[PDB]
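Working notes, beginning with the structure itself.
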Amino acid sequence: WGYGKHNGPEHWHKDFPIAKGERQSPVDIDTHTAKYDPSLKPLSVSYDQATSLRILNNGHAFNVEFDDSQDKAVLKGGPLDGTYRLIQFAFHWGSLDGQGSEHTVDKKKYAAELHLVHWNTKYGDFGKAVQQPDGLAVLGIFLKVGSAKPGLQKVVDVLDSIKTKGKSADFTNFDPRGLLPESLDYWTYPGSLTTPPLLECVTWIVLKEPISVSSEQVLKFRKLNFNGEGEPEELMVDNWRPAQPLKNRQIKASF
């Protein structure tokens, strides 16, 4: 599976049949149909204690991993029940500034999208949580091009070291708080992972307010390779899945 014409999103259903299930992601956020729910609590992000370990090129994107052996970096509050610990964060981006995010707002596409992945500690490990309807909590953050994001530079300067599939690099003391928007206003709905296995185990929490990044930051993202080293060079660009049918589900707003 991939993002190409022969193995792209339109083909994933052949190997992963849930691809056309009932609670697939991503989706279009229709702001006029989203329902203001007064019973939603503020989100509670505790990341001062976060411990980053490494960054890796998995062949479909780049992931920053975190030590999830104790409640060091956690998410709770909002629509969530229990504590979810940060396991990884990744990005989805495009070939141009006009496309890239997975989720869309009234059909509008952002330059990229940041996903902070967290699992329900009630289930003991990540592997057990992805087998649960309330197993994960992904925090989605939209990226728009404007001014540079101080907090994202550390990530950008290390992309050179993990250009190709399988490459990984020690990546300690990275603070995720540097990637948060000012506001925590969000939209929330029940969905799935956006890449196979597309498990319908996620509580999506998409932040209203986008972060700005400079043109040159995003540019270094587009220099990543899908391919392994020593193979024909395929630029890692447009690694995002098209919006799926809402199908009955309803999107709630904390605002």
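Labeling convention for the structure tokens: chains A, B, ... as they appear, residues from 1 per chain, ligands from 1 in order of appearance.
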
As a PDB file with N, CA, C and O atoms, in the first residue's frame, please: the residues near residue 82 in chain A (cut-off 8 Å, only C-alpha atoms, same-chain neighbours under 3 positions excluded).
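Everything below was put into result_24.pdb:
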ATOM      1  N   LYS A  76      -6.255  13.966  28.441  1.00  0.00           N
ATOM      2  CA  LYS A  76      -7.470  13.609  29.164  1.00  0.00           C
ATOM      3  C   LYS A  76      -8.404  14.810  29.009  1.00  0.00           C
ATOM      4  O   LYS A  76      -7.988  15.799  28.379  1.00  0.00           O
ATOM      5  N   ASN A 120      -5.239   4.536  25.236  1.00  0.00           N
ATOM      6  CA  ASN A 120      -5.931   4.374  26.536  1.00  0.00           C
ATOM      7  C   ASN A 120      -5.158   3.459  27.461  1.00  0.00           C
ATOM      8  O   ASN A 120      -5.073   2.272  27.152  1.00  0.00           O
ATOM      9  N   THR A 121      -4.617   3.973  28.536  1.00  0.00           N
ATOM     10  CA  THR A 121      -3.821   3.237  29.522  1.00  0.00           C
ATOM     11  C   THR A 121      -4.600   2.130  30.173  1.00  0.00           C
ATOM     12  O   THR A 121      -4.010   1.247  30.789  1.00  0.00           O
ATOM     13  N   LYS A 122      -5.902   2.123  30.071  1.00  0.00           N
ATOM     14  CA  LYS A 122      -6.752   1.092  30.686  1.00  0.00           C
ATOM     15  C   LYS A 122      -6.376  -0.247  29.969  1.00  0.00           C
ATOM     16  O   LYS A 122      -6.574  -1.288  30.650  1.00  0.00           O
TER      17      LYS A 122
END

### Query
If you run DSSP on this backbone, which residues of range 12-254 of chain A come out as helix (DSSP H, G or I), and could you give them as a PyMOL selection string?
chain A and resi 12-15+17-20+121-123+126-129+150-162+176-179+215-221

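Using only C-alpha atoms, the nearest neighbour of residue 251 in chain A within the list A:206, A:90, A:112, A:18 is A:206.
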
### Query
Any idea what's packed within 8 Å of residue 245 in chain A, counting only C-alpha atoms, ignoring anything in its chain fewer than 2 positions away? Could you give it as number ranges by chain?
A: 24, 27, 243, 247

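Nearest to residue 184 in chain A of all the residues A:114, A:218, A:236, A:43 is A:43, based on only C-alpha atoms.
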
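In this comparison, which uses only C-alpha atoms, the residue of A:178, A:124, A:166, A:242 approaching residue 195 in chain A most closely is A:242.
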
Contact table range 57-131 of chain A vs range 38-42 of chain A, cut-off 12 Å, shortest pair per residue, only C-alpha atoms, as CSV:
residue,atom,partner,partner_atom,distance
A:75,CA,A:42,CA,11.0
A:76,CA,A:42,CA,9.1
A:77,CA,A:41,CA,5.9
A:78,CA,A:41,CA,4.3
A:79,CA,A:40,CA,6.0
A:80,CA,A:41,CA,8.9
A:81,CA,A:41,CA,10.8

Please produce a file of the residues just selected, as an mmCIF file, in the first residue's frame, where the atoms kept are N, CA, C and O atoms.
data_model
loop_
_atom_site.group_PDB
_atom_site.id
_atom_site.type_symbol
_atom_site.label_atom_id
_atom_site.label_comp_id
_atom_site.auth_asym_id
_atom_site.auth_seq_id
_atom_site.Cartn_x
_atom_site.Cartn_y
_atom_site.Cartn_z
ATOM 1 N N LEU A 75 -2.935 12.965 27.643
ATOM 2 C CA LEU A 75 -4.157 13.682 27.196
ATOM 3 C C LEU A 75 -5.382 13.087 27.977
ATOM 4 O O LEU A 75 -5.526 11.856 28.111
ATOM 5 N N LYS A 76 -6.255 13.966 28.441
ATOM 6 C CA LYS A 76 -7.470 13.609 29.164
ATOM 7 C C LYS A 76 -8.404 14.810 29.009
ATOM 8 O O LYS A 76 -7.988 15.799 28.379
ATOM 9 N N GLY A 77 -9.624 14.690 29.555
ATOM 10 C CA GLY A 77 -10.560 15.802 29.430
ATOM 11 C C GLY A 77 -11.323 15.666 28.099
ATOM 12 O O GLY A 77 -11.205 14.608 27.442
ATOM 13 N N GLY A 78 -12.010 16.736 27.736
ATOM 14 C CA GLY A 78 -12.751 16.779 26.465
ATOM 15 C C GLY A 78 -13.833 15.660 26.474
ATOM 16 O O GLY A 78 -14.497 15.448 27.486
ATOM 17 N N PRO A 79 -13.891 14.932 25.391
ATOM 18 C CA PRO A 79 -14.791 13.816 25.156
ATOM 19 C C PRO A 79 -14.246 12.488 25.679
ATOM 20 O O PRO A 79 -14.961 11.458 25.696
ATOM 21 N N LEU A 80 -13.036 12.503 26.152
ATOM 22 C CA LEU A 80 -12.337 11.346 26.662
ATOM 23 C C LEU A 80 -12.657 11.037 28.147
ATOM 24 O O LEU A 80 -12.905 11.776 29.082
ATOM 25 N N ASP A 81 -12.590 9.723 28.301
ATOM 26 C CA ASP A 81 -12.774 8.941 29.479
ATOM 27 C C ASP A 81 -11.493 8.235 29.814
ATOM 28 O O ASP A 81 -11.164 7.241 29.091
#
